[PDB]
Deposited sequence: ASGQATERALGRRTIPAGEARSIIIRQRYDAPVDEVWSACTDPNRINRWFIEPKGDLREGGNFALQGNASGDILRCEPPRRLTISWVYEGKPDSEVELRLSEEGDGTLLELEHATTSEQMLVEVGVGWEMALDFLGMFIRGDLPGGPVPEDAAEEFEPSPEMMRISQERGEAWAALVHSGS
């Protein structure tokens, strides 16, 4: 519907990280959004499907690098996973879904000790959450570039 970006702070294996925090409200209920964000036959519609044992302490790979472990899984609310990528320090991503009336307030936070990687990931999730939204690159470069300025400017100070 309409997104509020923010910055947090976390202690992850790679150390003290800051974080991207994306908040979006959806007019679907918590379950449906949980399923859409966790059932690989639904993640497959709007994003890249994960492979491996999708269960807690299990692990995931997405077709084009990124892989990681499934640290926490508290259906239908919370989801934490590690995030490993070739040239990159290790990261952590978390999804919290909360009820707001008949709908849900999604929250997606990706923490990383790399300042460069803050922007890159905030923007990368936002692009992806578009297709979640839909599900529930010339024009795209422009949207990538504005969104980058927003995260870049928030990361400044």
Subject >> Deposited-sequence ranges lacking C-alpha coordinates, in sequence order >> reply: 1-3, 140-158, 180-181
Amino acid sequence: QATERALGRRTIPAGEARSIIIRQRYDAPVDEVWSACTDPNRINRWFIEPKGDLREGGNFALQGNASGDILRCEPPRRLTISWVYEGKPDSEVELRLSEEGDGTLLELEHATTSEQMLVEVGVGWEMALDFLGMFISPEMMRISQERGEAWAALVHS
From here on, numbers count along this sequence of modelled residues.
Original post:
Averaged over C-alpha atoms, is the B-factor higher for 97-105 or for 126-134 in this PDB entry?
Top reply: 97-105
Original post:
residue 92's Cα B-factor: lowest, middle or highest third of the chain?
Top reply: lowest
Subject >> Cα B factor band for residue 110 (lowest, middle or highest third within the chain) >> reply: lowest
**OP:** For residue 30, return the chain-relative third of its C-alpha B-factor as stated in the PDB record: lowest, middle or highest.
**Re:** highest
**OP:** Can you work out whether the C-alpha temperature factor of residue 67 puts it in the lowest, middle or highest third of the chain?
**Re:** lowest
Original post:
Compared with the other modelled residues in the chain, in which third is the CA B-factor of residue 6?
Top reply: lowest
